[PDB]
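Structure below; questions to follow.
Going in written order, the chains are labelled A, B, C, D, E, F, G, H and I, and every chain counts its residues from 1.
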Amino acid sequence: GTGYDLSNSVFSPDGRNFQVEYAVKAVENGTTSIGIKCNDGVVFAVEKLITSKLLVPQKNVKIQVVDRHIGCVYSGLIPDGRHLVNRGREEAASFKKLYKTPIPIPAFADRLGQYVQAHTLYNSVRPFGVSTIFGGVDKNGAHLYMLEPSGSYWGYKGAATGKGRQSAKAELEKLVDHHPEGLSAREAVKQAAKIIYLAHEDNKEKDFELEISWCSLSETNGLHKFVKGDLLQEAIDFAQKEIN
Amino acid sequence: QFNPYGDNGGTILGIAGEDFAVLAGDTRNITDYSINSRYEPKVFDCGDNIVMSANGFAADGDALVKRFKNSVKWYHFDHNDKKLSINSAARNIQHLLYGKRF
Amino acid sequence: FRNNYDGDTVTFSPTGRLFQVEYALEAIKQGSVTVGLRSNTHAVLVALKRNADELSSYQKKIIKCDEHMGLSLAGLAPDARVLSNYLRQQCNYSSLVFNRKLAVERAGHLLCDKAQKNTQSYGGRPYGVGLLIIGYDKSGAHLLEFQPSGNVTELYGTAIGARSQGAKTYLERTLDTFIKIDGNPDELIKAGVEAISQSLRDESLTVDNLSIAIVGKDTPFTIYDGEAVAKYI
Amino acid sequence: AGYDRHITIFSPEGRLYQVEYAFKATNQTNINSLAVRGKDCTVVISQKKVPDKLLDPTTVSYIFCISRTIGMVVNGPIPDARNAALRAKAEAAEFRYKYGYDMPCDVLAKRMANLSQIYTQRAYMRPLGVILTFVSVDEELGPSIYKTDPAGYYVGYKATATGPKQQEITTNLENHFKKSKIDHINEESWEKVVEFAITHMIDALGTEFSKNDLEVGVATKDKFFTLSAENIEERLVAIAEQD
Amino acid sequence: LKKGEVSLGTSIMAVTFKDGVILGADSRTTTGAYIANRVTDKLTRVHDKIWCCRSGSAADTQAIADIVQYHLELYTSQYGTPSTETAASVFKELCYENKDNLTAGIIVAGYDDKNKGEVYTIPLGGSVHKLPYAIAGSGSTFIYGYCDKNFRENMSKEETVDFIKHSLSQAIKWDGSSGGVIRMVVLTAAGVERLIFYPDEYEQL
Amino acid sequence: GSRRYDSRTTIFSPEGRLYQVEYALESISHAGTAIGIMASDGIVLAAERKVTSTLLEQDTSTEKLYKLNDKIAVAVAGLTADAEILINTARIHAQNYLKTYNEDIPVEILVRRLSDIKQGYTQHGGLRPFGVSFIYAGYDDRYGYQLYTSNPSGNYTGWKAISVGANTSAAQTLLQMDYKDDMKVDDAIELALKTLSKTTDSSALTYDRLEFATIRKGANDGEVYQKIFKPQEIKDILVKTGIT
Amino acid sequence: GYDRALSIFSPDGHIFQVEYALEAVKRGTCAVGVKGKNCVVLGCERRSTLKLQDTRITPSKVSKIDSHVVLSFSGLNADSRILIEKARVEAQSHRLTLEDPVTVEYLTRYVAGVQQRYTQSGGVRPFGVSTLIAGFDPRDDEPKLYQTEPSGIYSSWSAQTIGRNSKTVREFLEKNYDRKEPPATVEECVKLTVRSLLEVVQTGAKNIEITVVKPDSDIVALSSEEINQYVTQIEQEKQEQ
Amino acid sequence: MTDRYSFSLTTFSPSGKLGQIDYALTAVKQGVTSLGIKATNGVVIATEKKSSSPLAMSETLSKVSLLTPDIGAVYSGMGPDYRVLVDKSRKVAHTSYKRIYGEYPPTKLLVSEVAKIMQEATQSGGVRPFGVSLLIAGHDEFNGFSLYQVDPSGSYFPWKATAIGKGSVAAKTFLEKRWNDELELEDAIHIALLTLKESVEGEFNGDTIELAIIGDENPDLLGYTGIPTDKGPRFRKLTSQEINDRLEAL
Amino acid sequence: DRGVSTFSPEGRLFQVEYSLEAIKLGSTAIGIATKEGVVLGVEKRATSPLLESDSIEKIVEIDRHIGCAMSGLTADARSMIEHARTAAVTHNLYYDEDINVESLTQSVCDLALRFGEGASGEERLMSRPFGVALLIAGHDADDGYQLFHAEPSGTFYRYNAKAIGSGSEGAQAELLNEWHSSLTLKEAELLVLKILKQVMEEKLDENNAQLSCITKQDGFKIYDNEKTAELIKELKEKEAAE
């Protein structure tokens, strides 16, 4: 027949859920954002699109942190991931409440993928319109994960989502080749900044703001934290030079 | 067994003025023979020129008084910042108290 | 297609969109206009109160959820009332549990996440109102806009509802002026006064038409209606 | 009416197309995998495909260790895989908890099959479009092979494969097994058995495989585990010798 | 301890040493003056290198342990080997929660690679303490002075052993409830090793 | 959304009808013809075993005539399965009623009991009704023998005699023709058998094609005695009709 | 668990389920009642589509909710039963709770909401039954006549009919009944009833069934003979001209 | 989430029909032809073990399964449906009967009980009827041997013998031809072989075919000794050997 | 079909939107808030002479200080009426006082949206909006007399006077001119009753219409037929002057 898409849990005649696939639509539409696992740790980079001067700088913050070691960022409908994020914040809490440890990134990774996939399991459950790049330093190093409304996430040497991901995925692939060694968080900070501007070239039509956060076994000790001030401004001009 | 109650000591005195009204108790809080706090203000304005104090196990009255001012807030919300009549609160608080009846 | 994809909150467009949301978002525009802006010292709510008739009164678009916090609305009132009450609890809850005035930003998160339920959850609907919320706190004055999509934003100034765009431009047009106006709510008001006048189209705001609310540094969340607004009319 | 397509109810022919469509999402990931009982052991070989550098390849597996003893490889959407594995993982411990001993492999499959059967009959539940493959060395059964479908249907296997070219691999082994007449490989060392399979995997796929190319797992007495790329390459070494 | 279930007591002690931790306990289980089962192992594996000294209600411990074992196994089946600490956290929960229904003290001990051996006591209070060594059960009473004076960190494997062997023997000697045989369990990177000792030896030390 | 899938069972026709009820009735037309008669001295129960065969085992087989109580047994027109549900329930209900009052249930009470139960699906639940209707044969203290009926709608009546399943109108005609108030059971027996043989859609009316029963206060009695006839007995009385 | 909302405002703001229930009401065999000066009488046509029934054990289209209060209806005999039920509980409840049987209105208003509820209730359809309620209040002889309908709306009637053709007989009744003069005599009230009845019933005695509430829980149903005697008389006076 | 299909999924046709059931019957008819025969001394049931691949190990799939030492079952249809029903059937038997009466229910009640389930699927929302029908044979003390056939209608009735699945018509045809009352099981066994042979297309042997009986109690199978009252299960499953043994006896 | 909470492509609620239809289908009901009091009057709209208009009340008393009238599908209000009355009592139960008419009114309109099928974010169990609209008149110490129009939208306004039901709008227009703050309860009676008779299909009488007031002194007070008939006749006299 037809209209298989018209209800979530339905399998398409080819066995697919177009709703999720449609949810994927706005995901791309979601603000381009990336993440990087550097040598010790991970870095989370996202463009903050400036809609207007009435927006107050730095105030509306995209990247969200789970526990204290896990940052998360997503292209898509903000309230979605937020809603999800809270659940993750719940998850780790329960996890840590039970396990006394902060949660391993992959552990944390898994739990969500279920909860997302749960929203693939019912025609009444609206899949998620977001894909979160997320991770942090954990017991064993860091990890870099981006979870799809499909309920699929993976380990990522680098990760990107939203519009400009291609420009990103380009640059990420490069740095992989530029630095199969690894990367210093600092350069991880710096390079992402360039990538973002480059990624912004798709959305170049409007001005934006740049938000980048990171989790460094070294620099944040394994905490997850924002890039701020000079170091933030550094990568900016570092990129703002390199963009030219 | 854990006792749900205790006493923090300190006597409170209400007096209705004709035109005015006044209420007082000590500032002394104690436990048994140990003084909790020589200065422990026990009496509280809840708003609308209406003051309240609960003498007994403090935390009870404490949370209570808290809960009461909470009620006040919603009253003004729902009654559109109408002043709460001193009697009404009593009728109200009675529920709060009797809400714990058992 | 529409009837296919516009029917259920739970169902994306082939483009991955929620028309009920979009429709719920539409009703915002249908709703009357309200305006808001903040200084660092103060935040201002400016509403145009709409009636059914002159024999009727002007529906108030403004709500106080707290001493540091209250809101304005353009959209379906009851949802806000639901949410405002919900919010009020939270502030009071924060006040109860933490003895803590609810952080305006942190406040928006809940509602942002709250309606987010309606979005992904079958059987319900998003709230029929977009929301402007001001609060003053330890982080100072704040102006937060809400979207029935859940999306919340902190602004210097803004307006919502019918044709709020003009002042919205004018506000953006006027940006750095009022935000610098500090401790002078009056101009902050009169700015918003001139603002709401911008998106005033049919009529001029009147004593009853206009509604004003303010929280500020030492200014608790308060509302100015009628004679209160008179000097600013 | 035509919603029968959309939901799970008998077609006018008495058919469940959501199920049959879920059979699509099986090979959708396009991984040709196999499982063979060795002599004492059981080995699963599968394609490990990495599309992107930016990925973590190591994070990419459809072979999941359900128990100490039981590993499982999945064919279908990774989320359902990530979903189903946990479900299984929940069972064994609880089985182990309830029943004092680790769940024998089939029981899991039997157990898991029910869920699909539930999803099969339940409407609001969609089934999962994954085919599951359960092997381990069962203390009673030694090597054992069990494969479940979205239908809640499953069976034992002397050996089995899964994937788009599963059909051919099936033939290859059937031929080989008919040739051998024996259900399991005679080879004692799974090492050989791995190489044996990879051979027949390379064979029936006509396709050579590098260390990254393959997802591999090893069912041993009391333990399941998966090989490294080295072990893979190690096997890849000797296969290059015999062949 | 409920009416009608067997009482553990005996004497449990776990001691970290230079190569890890070794666990030991008496084998004696008693209902009142009657010794229910003299040979009973009170040393228990929830997890490969993570282990426990069970005191309090045997039923409790026996019941509790698998539950932890369950979750850990599940946890491991998810996330792999937890910290010996994390394992303790599990007990604590049930302990701290069901303390009102639970009479069990538990010494939780497990070998970590990074942490080498570890010891975690959970008395009936449900509190948790990581310790260089720990003792519990009835006979533990007698040996504190002995243990403390005689304990040292990073002793040998065997130095610990006899330090263990003597300590328990005292408890076994002094405590009635402590006795049967000394079961010892080895936790190192080397692996898990159970050791038994017959009275005709450790009674004489 | 779930709405797509609801047949919306309980919704009214524009004419205020419930088609499921209508269709349930319709399947009942397809149901094997079942007849019952309240004689003066008793109540007769005869129904056609429908869809029969050689290796079909008759003796244990009862697809139609079931006994709720020793004063209440019933004939079933509809899905065999569905009734057995209600059958069991009513028994309990009666048993409860018995266990409540230590007294047998006046039939209608049990009847009305099931009546509204059917009606339960009628007015709520989105649940299909039962495709079953019943002949309620019962003896009470109050009215003595009582012959009731029910429809999936739960509407129900008393009868001096009644038929259900196929050929009802035909039977009803024959019945409403040949019946007379004072008829003795044995008359009604053959009368039904007469009606049966005639209303029989198959060639011959034969025991192996029939279920048969009677409620009668025996000659030595004070216990009003229900009896289901054995196939032979049916076959025997089949001869006594001259039908042979 | 089934919440689905059947009763919904039409594009033009109607609930057809309600409106269709009205049809089963119309489809329902006509029912009528009239209140004499001291009394009330309830006529009902026995569904005549079938016969040979045992009418004794077959329930009457009219039923007593309480000794002083009865109800009749038109619609699905099923839907009534539940309605019939809860009201019976209700009176007893009111009896128990209030130390007093209901006022006819009280249960009436009660029953109305029940319907009226199922309207804006979800997951259920409304009843398909409209009802006529009869009774004399505790310590009040006064005739109380109430008409309810699946929409859950009630009202008092000098006289009322419901079911099929009710309009027809209503027109008869509207003119034939006079408020200024209730048919004080039960019989004349019964008479006027049966007169109105044959206007629809189309010539039957058994087809007709009658019930009368008198004060103080005095409630009586009439035999066909009593009926026919009126039938006879009524015919004559008609024939006479 | 939160299943909102509470509404009966199968609804009476304008013709007064339940299509899913009909389609179940359709699917049931599609089922592998499977038979049962109630003889004097006992009852036998039979079906072809279906191999969708020789790599698959047929024995690992059992279409015939003991419900009680005197009762076992077989189907024609979707294996999985049959699978779960077995457990419930097994369970409800213990619970609703044994855990009450300490024994194994008379064939009818369990059957009556089982069918009850299948009906429920037909009626309750969110669920579909099962893709099988069931040939069920059991011996009880009082009713002795009996053989039942349950549909997705949840309807069930006894047989002298019967078959379900595809060739069942042809089978039942030949069955009626062959069947008499006085058939002893072995001939009936042999008969079934003959009969199912027709329904059999590919290889016909104990490895292709599944046979079991309701026989006399089997003390060997009792797994223990010393109890006079319990002489063991009447049910048994037949070995490919025993099968192929009697397939010589063809 | 289509969901009940489904927004219009304009962002409106169809059922709510449609609910407004049966509102206009409701009898025309009118009231005037004065400083003296609040006059209420409503359309009996008897469907038959045998129908006794006595048993028709679309005017109801919530409490002495607060009462209301209905126009729409009536028995829907019963819950609301019962609900509303409770709240005041409840309020009084808690607050030992009368409730602000608004506070009550506001509370009532919270019933509005509570229809939904397992709605997202809360459990509000009702199938559909209420099929009735409410004129609500109460006297409160704060606001004196007031008149609010309750709506299935959950929205309500204050009104100098209001006309709801069938002939509302025209009658409304009438109110627009006729009303002034200085109107008197009697005048308002006259005005309503006249404008009723205006919009009424049948010739207005005490039987085919119904009257009542709410007066701070006496709170809610119904007008009997007789006083009604006088005012009627009074109008008939006053209505016929020039």
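Keep this in mind: a contact is a pair of C-beta atoms (placed from the backbone, for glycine too) under 8 Å apart; a residue touches a chain by one contact, two chains touch by 3 or more.
The chain lineup, named per UniProt: A = Probable proteasome subunit alpha type-7; C = Proteasome subunit alpha type-6; D = Proteasome subunit alpha type-1; E = Proteasome subunit beta type-1; F = Proteasome subunit alpha type-3; G = Proteasome subunit alpha type-4; H = Proteasome subunit alpha type-2; I = Proteasome subunit alpha type-5.
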Chain C to chain D, fewest steps along touching chains
2
Winner on C-beta contact pairs when D-H is weighed against A-H:
D-H
Chain G-chain I separation of Cα centroids, rounded to whole Å
31
Could you put a whole-Å number on the gap between the CA centroids of chain C and chain F?
68
Per the C-alpha means, the centres of chain G and chain H lie apart by a whole-Å value of 56
The distance between the C-alpha centres of chain D and chain I, rounded to whole Å, is 70
Would you pick out the residues of chain I that each touch at least 2 other chains?
2-3, 106, 116-118
If a residue has to touch 2 or more other chains to count, which residues of chain D qualify?
6-7, 86, 123-125
At least two partner chains per residue is the criterion; list those residues in chain C.
7-11, 115, 117, 119, 121-123
Which part of chain I faces chain C closely enough to touch in the complex?
2-3, 5-13, 106, 109-110, 112-113, 116-122, 149, 153-155, 157-162, 172, 175-176, 179
Under the definition above, what is the set of chain H residues touching chain G in their complex?
6-7, 125
For chain A, which residues count as touching chain C in their complex?
3, 5-8, 18-19, 22-27, 29, 51-56, 59-60, 77-80, 82-83, 86, 119, 122-129
Okay, in this complex, where on chain C does chain F touch?
7-8, 10-11, 122
Would you pull the chain G residues touching chain I in the complex into a rising list?
3-15, 105, 109, 112-113, 115-117, 119-123, 146, 151-160, 170, 173-174, 177, 179
